[PDB]
Number of protein chains: 2
Amino acid sequence: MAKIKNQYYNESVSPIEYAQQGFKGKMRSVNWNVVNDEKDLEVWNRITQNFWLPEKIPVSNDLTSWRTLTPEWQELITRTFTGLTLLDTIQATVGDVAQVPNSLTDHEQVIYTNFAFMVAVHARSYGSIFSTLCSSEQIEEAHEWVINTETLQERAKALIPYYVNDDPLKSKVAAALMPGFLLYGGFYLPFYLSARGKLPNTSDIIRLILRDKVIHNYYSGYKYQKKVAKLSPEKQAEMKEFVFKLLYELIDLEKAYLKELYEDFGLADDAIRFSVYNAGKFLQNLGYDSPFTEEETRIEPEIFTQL
Amino acid sequence: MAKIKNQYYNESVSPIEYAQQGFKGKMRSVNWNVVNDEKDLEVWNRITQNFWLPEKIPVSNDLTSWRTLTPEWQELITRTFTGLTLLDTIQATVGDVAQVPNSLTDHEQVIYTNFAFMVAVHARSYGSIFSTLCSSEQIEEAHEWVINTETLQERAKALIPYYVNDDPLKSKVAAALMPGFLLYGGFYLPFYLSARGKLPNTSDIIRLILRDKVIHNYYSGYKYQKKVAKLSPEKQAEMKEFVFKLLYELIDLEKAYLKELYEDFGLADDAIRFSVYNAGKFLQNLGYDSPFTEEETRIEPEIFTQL
């Protein structure tokens, strides 16, 4: 009989929904005075207060440390970081922006535009490190190595087709696998170096990148769970099967890449365990149980501390 | 005979191009150490150093000023700003993100993710103003008015179909029309109030929004001109015809809306001239000549100063 508060919201659509429906409906503005899910406001406040730029970190203080490393190890660092910059590039320009039309709330739509911009800043910060420490030849040979190393490329090629959003839940899982899983095999190396007193200022940038990417992974898992809980029991079963199948395939690709990257340095076995440990955390973030054994996820305490 | 510097760039594609080509090619990371167009670096540096959040502005200092306004004028401000928040919402979630795959350079792809995030901040800042000054009833009735006012909706509905990117140059023009043209009929009102000593702290937020949106318009015009200059003379003619046809149609829609919004307050005639003045600047930003007369673009010096 009586009008409810904010009835206009039920008689309108967001602009992206207007487009998805084929251009029908009355469009509403975002309402930041009525937040439908308090978690959206909490995350908005945290990610915007955490804004940073790499020019504030004195990476040049690392030059003495960098010059004590052999050319082989300088090459390893440049290659590893350039491979991470590729993942950043995919997230910023494809994966995170593809989540905007997958949103449950108006406020979530713009939180993912923050995510995409901040992982662009992460890619910029790797550039800033190279500008300070590397020679032009080191930089160019790392970019050549990235495009020509098939084990590296295959990890990226496995995930990009899901961002076409044929299925919004599969897209969201494929997006979260970047900051929630593929990050960690590369971050093993700065954690290893930091524990041995090398490149302390570079490590500060690594920790700022980590602070952002952890929230990106958490928020995607939160929205995944809220949507999956509304599906039928058999659709929930199909989604759980897809997640495990995709993750197992990606672990195989990641193991092959980390072996190629690290084997000559003796770091491959430890980095793979570090990666699989974080695959277990990734599943828990989606509301699933981890199947991995204690032995295959063992981490050195000094790496756990750096984390 | 000899390899050129950065040959890898010519043998690879960005991730969005890999997707556009149907999943073929070797993917390259962004290279922030080799910037192909120096203008991209300049704009990246400016927009990131200009980061701001509305919580830093003491809008509560405007309460005394706000309480001297009649309820009719408080309603006008709330309606006008909520209509601007709708435009912000379209830019953040549809228009600016649609420019990422239209880019000429890798660096441009992530500059547009910054644009989308910052116009989300603009929408947030209008919310922040309402939280401080408005009653809950004022806020709700403005959202109801936005969805139910056809002259307001028609301006948005005219532009959204171009963001599907059937034509990247038409998409880019439709994107730039938001910060480059539709902004100004709404910004007439805070400029009018500020010139009369009302709401000085709100005006500071307006000027921060303006500082961002001006760069958004400029950068889109720069990339429009660089691409159009590579087309055949007859394709350049077709594009110029489209721009003028679309702008003239949008001016008609904007005039109808500003008359409905402002006529009872006596502000409509001045606001329309202010709008058409900026339509002339919009054409110049795309490399075209303005056809508008001095009489139809006349601005009060006090408004020109506020600008």
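In what follows, chains carry the letters A, B, and so on, assigned in the order in which the sequence lines appear, proteins first and then strands, with residues in each chain numbered from 1.
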Side-chain ([X]) to main-chain ([Y]) donor-acceptor, under 3.5 angstrom:
X	Y	answer
B:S194	B:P190	no
B:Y224	B:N285	no
A:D96	A:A92	no
A:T80	A:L76	yes
A:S103	A:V100	yes
B:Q99	B:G95	yes
A:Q153	A:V146	yes
B:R211	B:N50	yes

Once the angle between the rings of [X] and [Y] is folded into 0 to 90°, is it parallel (under 30°), tilted (30 to 60°) or perpendicular (over 60°)?
X	Y	answer
B:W44	A:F117	tilted
B:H107	B:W32	perpendicular
A:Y219	A:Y112	tilted
B:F242	B:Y162	perpendicular

Less than 4.5 Å apart, any side-chain heavy atom of [X] and any of [Y]?
X	Y	value
B:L183	B:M178	no
B:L182	B:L159	yes
A:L86	A:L152	yes
A:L133	A:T202	yes
A:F115	A:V97	no
A:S125	A:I209	yes
B:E300	B:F274	no
B:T113	A:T93	no

In plain terms, say whether [X] and [Y] are close enough for a salt bridge, that is, a side-chain N and a carboxylate O under 4.0 Å apart.
X	Y	value
B:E55	B:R124	yes
A:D88	A:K213	yes
B:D252	B:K255	no
B:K157	B:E154	no
B:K223	B:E108	yes
B:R273	B:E296	no
B:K170	B:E238	no
B:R46	B:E42	yes

Candidate pair B:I90 and B:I160, rule side-chain contact (heavy atoms from CB on, under 4.5 Å), full reasoning: CA-CA 8 Å; B:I90 296 166; B:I160 283 178; 4.1 Å; yes
Specify the closest pair of heavy atoms between [X] and [Y], including all atoms of both residues, with the distance to one decimal.
X	Y	value
A:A176	A:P179	O-CD, 3.3 Å
A:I16	A:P101	CG1-CB, 3.8 Å
B:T293	B:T297	O-OG1, 3.0 Å
B:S290	B:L283	CA-CD1, 4.3 Å
B:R207	B:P200	NH2-O, 4.2 Å
B:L258	B:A271	CD1-O, 3.9 Å

[X] atom [atom1], over 12 foreign heavy atoms within 6.0 Å:
X	atom1	value
B:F304	CZ	no
A:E150	CD	no
B:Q21	CD	yes
B:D289	CG	no

Derivation and outcome, ring-ring contact (aromatic ring centres under 6.0 Å, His included), residues A:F51 and B:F51: CA-CA 9 Å; A:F51 180 76; B:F51 180 76; 4.0 Å; yes
Pair B:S275-B:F181, side-chain contact (heavy atoms from CB on, under 4.5 Å): steps then yes or no: CA-CA 7 Å; B:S275 168; B:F181 170 62; 3.2 Å; yes
Ring-face cation contact, B:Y18 with B:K24, 6.0 Å cut, 45° max: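 Checked: cation-pi criterion not met.
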B:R28 to B:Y9 six-membered ring, cation-pi geometry met (6.0 Å, 45°):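 The answer is yes; both the distance and angle limits are met.
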Worked verdict on B:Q306 versus B:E302 for side chain to side chain donor-acceptor pair (under 3.5 Å): CA-CA 6 Å; B:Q306 280 293 328; B:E302 58 189 21; over 6 Å; no
Full working for side-chain contact (heavy atoms from CB on, under 4.5 Å) between B:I4 and B:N10: CA-CA 10 Å; B:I4 72 169; B:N10 297 323; 3.6 Å; yes
Go through the side-chain N and O atoms of [X] and [Y] and say whether any donor and acceptor fall under 3.5 Å apart.
X	Y	value
A:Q138	A:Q74	yes
A:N102	A:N165	yes
B:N31	B:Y8	yes
B:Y222	B:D37	yes

Starting at [atom1] of [X], measure out to [atom2] of [Y] and round the result to the nearest 0.5 Å.
X	Y	atom1	atom2	answer
B:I57	B:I129	CD1	CD1	10.0 Å
B:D204	B:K56	CG	NZ	12.0 Å
A:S128	A:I205	OG	CD1	6.0 Å
B:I299	B:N278	CD1	CG	6.0 Å

Centroid-centroid under 6.0 Å between A:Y126 and A:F81 rings: yes
Pair B:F191-B:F187, side-chain contact (heavy atoms from CB on, under 4.5 Å): steps then yes or no: CA-CA 6 Å; B:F191 292 162; B:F187 266 19; 4.1 Å; yes
